[PDB]
Amino acid sequence: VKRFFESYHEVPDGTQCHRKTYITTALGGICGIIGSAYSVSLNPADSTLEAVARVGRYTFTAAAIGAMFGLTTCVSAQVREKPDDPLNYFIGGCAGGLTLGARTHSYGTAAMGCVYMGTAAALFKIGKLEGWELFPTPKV
Amino acid sequence: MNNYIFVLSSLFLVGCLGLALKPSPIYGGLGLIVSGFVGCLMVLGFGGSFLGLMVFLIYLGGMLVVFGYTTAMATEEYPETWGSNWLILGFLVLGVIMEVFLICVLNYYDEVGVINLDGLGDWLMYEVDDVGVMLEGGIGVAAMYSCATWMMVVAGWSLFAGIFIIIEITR
Amino acid sequence: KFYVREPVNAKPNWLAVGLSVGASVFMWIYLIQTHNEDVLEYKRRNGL
Amino acid sequence: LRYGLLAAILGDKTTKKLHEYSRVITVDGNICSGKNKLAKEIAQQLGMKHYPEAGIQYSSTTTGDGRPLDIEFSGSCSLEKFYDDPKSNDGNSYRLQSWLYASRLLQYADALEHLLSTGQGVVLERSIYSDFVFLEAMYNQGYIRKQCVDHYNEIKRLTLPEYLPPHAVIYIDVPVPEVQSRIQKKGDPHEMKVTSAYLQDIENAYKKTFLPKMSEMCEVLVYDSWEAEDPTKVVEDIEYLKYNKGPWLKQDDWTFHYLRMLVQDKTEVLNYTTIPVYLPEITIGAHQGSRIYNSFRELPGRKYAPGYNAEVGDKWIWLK
Amino acid sequence: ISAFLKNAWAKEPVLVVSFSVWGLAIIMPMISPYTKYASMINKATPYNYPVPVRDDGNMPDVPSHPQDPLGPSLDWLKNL
Amino acid sequence: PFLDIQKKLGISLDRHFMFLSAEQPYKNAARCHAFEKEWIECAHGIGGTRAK
Amino acid sequence: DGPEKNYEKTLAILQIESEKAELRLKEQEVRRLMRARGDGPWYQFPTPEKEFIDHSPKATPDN
Amino acid sequence: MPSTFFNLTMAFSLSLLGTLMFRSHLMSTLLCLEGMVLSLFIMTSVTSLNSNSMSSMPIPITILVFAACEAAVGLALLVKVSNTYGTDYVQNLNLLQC
Amino acid sequence: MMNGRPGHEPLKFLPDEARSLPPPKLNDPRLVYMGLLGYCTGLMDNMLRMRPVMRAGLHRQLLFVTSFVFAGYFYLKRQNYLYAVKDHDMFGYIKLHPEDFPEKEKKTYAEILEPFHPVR
Amino acid sequence: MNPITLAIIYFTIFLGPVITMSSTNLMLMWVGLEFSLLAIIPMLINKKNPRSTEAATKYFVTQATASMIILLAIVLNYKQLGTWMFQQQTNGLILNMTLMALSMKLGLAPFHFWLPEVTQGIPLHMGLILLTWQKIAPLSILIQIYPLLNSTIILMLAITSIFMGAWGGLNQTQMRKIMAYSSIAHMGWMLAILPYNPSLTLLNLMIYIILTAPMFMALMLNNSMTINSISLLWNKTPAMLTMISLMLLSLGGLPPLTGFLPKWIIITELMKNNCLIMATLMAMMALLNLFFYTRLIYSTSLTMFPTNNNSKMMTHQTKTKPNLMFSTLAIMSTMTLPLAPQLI
Ligand SMILES: Nc1ncnc2c1ncn2[C@@H]1O[C@H](COP(=O)(O)OP(=O)(O)OP(=O)(O)O)[C@@H](O)[C@H]1O
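The rules we used
Sequence order as written determines residue numbers, which begin from 1 on each chain and need not coincide with the entry numbering; residues that lack coordinates are not included. Chains carry letters from A onward and ligands carry numbers from 1 onward, assigned in written order. All reported values concern the displayed chains, which form part of a larger assembly. Excluding hydrogens and water, the side-chain values take into account all heavy atoms of the structure. UniProt positions are given in the numbering used here, feature names are shortened, and annotations may be inferred rather than shown by experiment. We call two residues contacting when some pair of their heavy atoms lies within 4.5 Å. Summed over both partners, the accessible surface that disappears when two parts come together, traced with a 1.4 Å probe, is what is meant by buried area. Salt bridge criterion: a side-chain nitrogen from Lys or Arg within 4 Å of a carboxyl oxygen from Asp or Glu. Think of a polar contact as two N or O atoms within 3.5 Å of one another; within protein, one of them needs to be a possible hydrogen donor and the other a possible acceptor, and neighboring residues in sequence only count if both atoms come from side chains. Each residue gets one of three labels, nonpolar for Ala, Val, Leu, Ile, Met, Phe, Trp, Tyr, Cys and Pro, charged for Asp, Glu, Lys and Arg, and polar for the others, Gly among them. Think of it this way: a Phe, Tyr or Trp ring, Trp meaning its six-membered ring, pairs with another when their centres are within 6.5 Å, and the plane angle makes it stacked under 30 degrees, edge-to-face over 60, tilted otherwise. Only protein chains enter the calculation, and the probe is 1.4 Å; a residue is then buried if its accessible area is under 20% of its type maximum, exposed if over 50%, and partly exposed in between. Every helix listed is a DSSP run of H or I at least four residues long, and every strand listed is a run of E at least two residues long, numbered separately from the N terminus. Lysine NZ or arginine CZ positioned within 6 Å of the ring centre and within 35 degrees of the ring normal marks a charge as sitting over the ring.

If you look chain J up in the PDB entry, it shows as NADH-ubiquinone oxidoreductase chain 2 from Mus musculus. Per the header of the deposited record, the title is "The acetogenin-bound complex I of Mus musculus resolved to 3.4 angstroms". What the UniProt record of chain J gives under Subcellular location is the line "Mitochondrion inner membrane". Recorded in UniProt for chain J, the comment headed Sequence similarities runs: "Belongs to the complex I subunit 2 family."

Under the PDB entry, chain E has the name NADH dehydrogenase [ubiquinone] 1 alpha subcomplex subunit 3 and belongs to Mus musculus. Looking at the Function heading of the UniProt record, one finds this comment for chain E: "Accessory subunit of the mitochondrial membrane respiratory chain NADH dehydrogenase (Complex I), that is believed not to be involved in catalysis. Complex I functions in the transfer of electrons from NADH to the respiratory chain. The immediate electron acceptor for the enzyme is believed to be ubiquinone." UniProt annotates chain E under Subunit with the comment "Complex I is composed of 45 different subunits."

Here you go:
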């Protein structure tokens, strides 16, 4: 449902923490399922058991990225009550990388994730705050 | 009687679904002829006689070569039928049950429009011209020789060129 | 030195020379009138 | 009108030029079997063009001023060094053989273009088809590491299939104890020090692989030393051969055109012989290679395409 | 070429009749006197009703009654 | 189209049976001939983003 | 030549480049309206041709 | 008309779903292309007959002229596939991996 | 974007309306460049085939200098016309709709209170 | 092949795009695509070796299915509006299936896998046609429906073409596979600007053609198929080195050369549509496409690799291969940036 994912921007950050965690968790879970499908097709497993296990591994891993991203961004707004601040998504986005490296066993992905996922996350709130529009309708 | 085209289309879908499951090519051709034979009928039901017998006179000749080719290249010690694999049979009954679930469920959500279960047969001909000659379907195809001659040259060339294309591949 | 294999370019391809040099002069000639005819046309239309 | 699709369309088909004696005839044998005398007589009697065996300096006598070049340009292999020290740390043995194969492959190309151009027969001697015997003989004695036989069979695999085997191969048998006495009598102090075992492997490399394999695609004719002398009879045997069981039968008019185009373009003939397989024995290196190539271009008749080199005296440069 | 034409006639007649009739069908339409009548006969057949046209006092050449002598006629078809 | 060669030469190779009201083989009006004749007249010169 | 030349050349450069700046912005703002509303010569997307409509009376009255 | 086209379009989809999810044969995939064109031919035929578009009747013929030529080329390819592997299988066309 | 403009002839190089513009001077900074490139093309043709450069193809190089300049003049003329049509429509459209491009009157620097940002 | 067959097969390739461009019926546009499919197959199998056969089969089944998805779009439109043209007020689903299938023909990601596979199994020629000539006919379909394509999938295809074309080609040793991953990379750009001012789509197509053709010719001088083989180019024919280096740099977006003009002007036009975010990501990854070109310039021109002894046989003979269009195309690319206003 499109209207469901639209609720993420209905309230300022921190308000309705539980709802925003669910939205991110589902959003990340979808990304895992979409991504996990390619791995099942390209470079397939040796059997269906290993194929579903791979699907579960990515979907739950990706779902973890959304949850910890949502929890950290939402909690960081309740304390330091400044909802319109891109720094919150950076810390929130950073926690995703730390979570990411927790599943994939290597610190390199953990340290890199914070810089990239956090930087991408922070830029996202700048876009919605400054009105950046990706996929613009052609107007010239 | 009203549910006459619907039954043909459903058999066309079931025949094509059986061809989608991809059994050994011998039975794929048999299924394809069943769908093609049904394809001729529903075309006839729409007032068109010439086109109907053409899909059933060109694909028939095609399957002989496919039958010839499959027995020459695509064969196994034990060819696969629709019931050799229980999974294929499982997706065959599921597919048959799937359409009924889709056909039925679409009806309740949308009263009419894409599918009209309540009103069937009423919406098939759309105002034939009761009085008139030269209306028989197939005169339009004959326009390929007059005021539609571009379709004639391009289609004719593909058959012309194709003979050269086939020889080079099989050289 | 005196080549064991006679070079493909032992002599000028005089056919190419005439057409190459000829087309160059024709192209230069057809370019001069076009400029002097378009310029003259430009004066006629927009005035002086 | 460089030969191409245009020439064939206009009436330059090859099948109309072939005659009864438009046959490629290679003469094969051992080190001193006496092929030059038998080969030259075959040419004169049957009106074919003799092609002396491709040595180290073949490309030098085929392109440019027509004289041998400095040994650093025409390969880096010396035949005399091979007999003196075949087990040299520098891979002079394999460089000699691979260089000779590329040379023969170039000569075999020239002969086919001659047959496919004017129809005059060509009588080679020890063409590429019989040139693997030496390397198989070199490997048996240990003059080559196993890693280079594989390279040789790879170069052969890529280039050999696209050429037509010779119509008839003449093998003049000479037993090892006879050739070893013949080598000493020819008076080349560098070649009189070749062991009998090396000569044997050339004989074995002929009767085990070459002789059977060619009979499946050519008409073989085995001859003895006493038959070769006064070779008018070997010519008569060729004059009355029935030619079947070979790829020449199934060559159409256009299959010649595509073979003719490939043979005509020498770079397209030798491209697969210069594949970047980094054998230490064959790699030249960026510093020696730049010196040889730069020094090669600084020669009379070189530095420009054959028609344009002014130092020779070619004229009308400003129109070509 | 007389031998070649009749030698093929003697050995492979089927490929000579095919080429002969192939050229005969191409050339016959140009020479026949009735070739132009193939089009007119297919203009005579009135598959659709001949729609009448109003009169404004300036439509003299079209007939008033169907059986009148001032319109197109098929009298050449009866005698073809 | 991408190349107006047909218009340039004036020859209608395949642009006389684009739509239903396109001079059927015999004078048989395609179903909904009047309606689309009306629509095509409305959207002429007025082009694309003004005829929608 | 002295300060006169460079001073009055720079002035010419400035207007040659202020006019370009003004025109470029009007080019952007003109195209924005033309595509939104096809009121101008540009962005006239194709529409089916009108000359191939057949106008002669047909078989049935109600064409 | 409305009820039958939903069945024809899904007939194409099932045939489309068949030419994508390959199986252990390459004749079968070419047969699936036949069904896709079979669905496309009838849709054009019904629509032309439904709308009484006798000027559009030539189009469905031309689809068959070209779709069947794809089969002619497709079948000729499959001759070369078998003459180099002798099995027609699809997992033998993995030699371009590198 | 100008393809559908009214009075646009199809697949025609220079419309009859395009001759009402000044033709290129034939020594323009960019027609000489086409000739200079053409010379560079001719020099490199000789370079790629081991021919002497600046010496071998004095009839090929003459052909390239003329072919590029000859082509450049006609292509340059077309572009001069295309930019003429773009400006012709751009200003013409501006007249018809004053309500979209009002003649705004800017305010002199005496009145506007532009802010100040000290450096310290 | 023989001249009669060669004439008919080539003449069929030429009618493919010509019919697609000239015709107005989308059906004749589709019939133009079929000739390109059918006529290409015999050439790809001209060698008659196992690699070629596998190349032709993948090409055939990938484009045969694509030719059917487009046909569904055309037939469904005939149901909806009764015309054979993609007019306005058409279902976006019908049109999305079009760009979906047209992407398969072009070779854009995520439908790109078939292209690098196929080009590996065919000679250096027939890669030039497959990557330049065959990719014009599908584009002509989209140029005539440019004010209808969805702004989202049109870009989401362009982005993954840029990435999957750069990342994939970042580790290709085989030259033919590199030239395929450059087509994907550059066809992200032509499709990226398709809804926005399509005129630049052709500009980046023409510039791309002017570059690959000399590159493919540059690899046809010696049938150099790998980075190692082209690393020997200095010993065999060093003349190309000056312009293999420039053309390869130009293909990457370096300012002085005329491959930066496409990336530059495309970024300008997107930047005029409030498209900040997607020009940065698209432009940032373009530099990656300049990496494996820079890797190739090291191997070939700047730093020179070890050669073979037999290579001294190639220098003796004379060459007459370059068809004189290598030179003219090599300078039209790598220069003419001063002539940018005449291009736009
Ligand atoms: N591929 C090769 N590898 C190594 N040595 C070779 C090779 N080919 C030829 N040689 C040597 O080169 C010399 C060639 O002598 P060859 O037998 O060709 O003499 P000839 O003058 O042609 O006639 P003949 O020896 O029959 O009297 C011999 O030393 C032979 O051993």
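Colleague: For the interface of chain C and chain D, give the residues involved together with the corresponding values.
Modeller: Frequently, the measure chosen for interface size is the accessible area removed from exposure when the parts meet. Of the residues lining the interface, eleven residues belong to chain C; the matching set on chain D comes to 20 residues. Summed over both partners, the interface of chain C with chain D buries about 1,300 Å², with 64% contributed by carbon and sulfur atoms. Per-residue buried area on chain C facing chain D is highest for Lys 1, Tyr 3 and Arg 5 of chain C; these three make up 49% of the total on that side. Among the salt bridges present, the one from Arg 5 of chain C reaches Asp 110 of chain D, with a minimum N-O distance of 2.4 Å. Linking chain C to chain D there are six residue pairs in polar contact. Looking at side-chain class alone, the side of chain C that touches chain D contains seven nonpolar, one polar and three charged residues.

Colleague: An account of the packing of aromatic side chains is requested, with residue identities and associated values reported.
Modeller: Inspection of the entire model under this criterion finds 36 aromatic pairs over all chains. Consider the rings of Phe 4 of chain A and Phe 5 of chain A, whose centres lie 5.1 Å apart with planes at 45°: the pair is tilted. Residue classification places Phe 5 of chain A among the partly exposed positions, given a relative accessible area of 31%. Between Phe 66 of chain H and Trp 30 of chain J, the aromatic rings sit 6.0 Å apart at their centres with planes inclined by 75°, giving edge-to-face as the arrangement. Placement of the pair is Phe 66 of chain H in helix α3 (residues 58-85) and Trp 30 of chain J in helix α2 (residues 26-44), with the two residues belonging to separate chains. Judged by relative accessible area, which is 0%, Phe 66 of chain H ranks as buried. Joined through ring pairs, the aromatic side chains of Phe 26 and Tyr 30 of chain C together with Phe 70, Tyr 73 and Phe 74 of chain I make up one cluster. Over the face of the ring belonging to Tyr 308 of chain D we find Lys 320 of chain D, whose NZ or CZ atom lies 5.4 Å from the ring centre.

Colleague: Talk me through the pattern of salt bridges; I want residue IDs and the actual numbers.
Modeller: Enumeration according to the criterion identifies 40 salt bridges over all chains in this entry. The partner of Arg 2 of chain D in a salt bridge is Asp 265 of chain D, with the nearest N and O atoms 3.6 Å apart. Of this pair, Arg 2 of chain D sits in the segment before α1 (5-9) while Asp 265 of chain D sits in the loop between α12 (253-264) and α13 (266-270), and the two are 263 residues apart along the sequence. Close ionic contact of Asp 188 of chain D with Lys 186 of chain D constitutes a salt bridge, the shortest N to O distance being 2.6 Å. Counted as one network, the salt bridges with shared partners bring together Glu 37, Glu 41, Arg 44 and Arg 45 of chain C together with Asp 16 and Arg 19 of chain I.

Colleague: Outline the interface of chain H and chain B, supporting the account with residue identities and numerical values.
Modeller: The interface of chain H with chain B comprises 56 residues on the first partner and 67 residues on the second. Carbon and sulfur atoms make up 77% of the area that chain H and chain B hide from each other, which totals about 5,400 Å². On the surface where chain H and chain B come into contact, there are one salt bridge. A salt bridge links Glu 80 of chain B to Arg 23 of chain H, with the shortest nitrogen-to-oxygen separation between them at 2.4 Å. Summed over the shared surface of chain H and chain B, the number is nine residue pairs in polar contact. Of all the secondary structure elements, the ones that give two or more residues to the side of chain H that touches chain B are α1 (2-20), α2 (27-50) and α3 of chain H. Take the side of chain H that touches chain B: its biggest share by element is 18 residues, from α3 of chain H. Each residue belonging to the side of chain H that touches chain B can be placed in one class, and the counts come to 36 nonpolar, 16 polar and four charged.

Colleague: Provide a residue-level description of unusual backbone geometry, including the pertinent values.
Modeller: For the bond from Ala 109 of chain J to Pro 110 of chain J, the omega torsion is 0°, close enough to zero to count as cis. Relative to the helices and strands, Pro 110 of chain J resides in the loop between α4 (92-106) and α5 (114-120). Positive phi is not limited to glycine here, since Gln 16 of chain A has a value of about 55°. Topologically, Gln 16 of chain A is positioned in the loop between α1 (2-6) and α2 (17-41).

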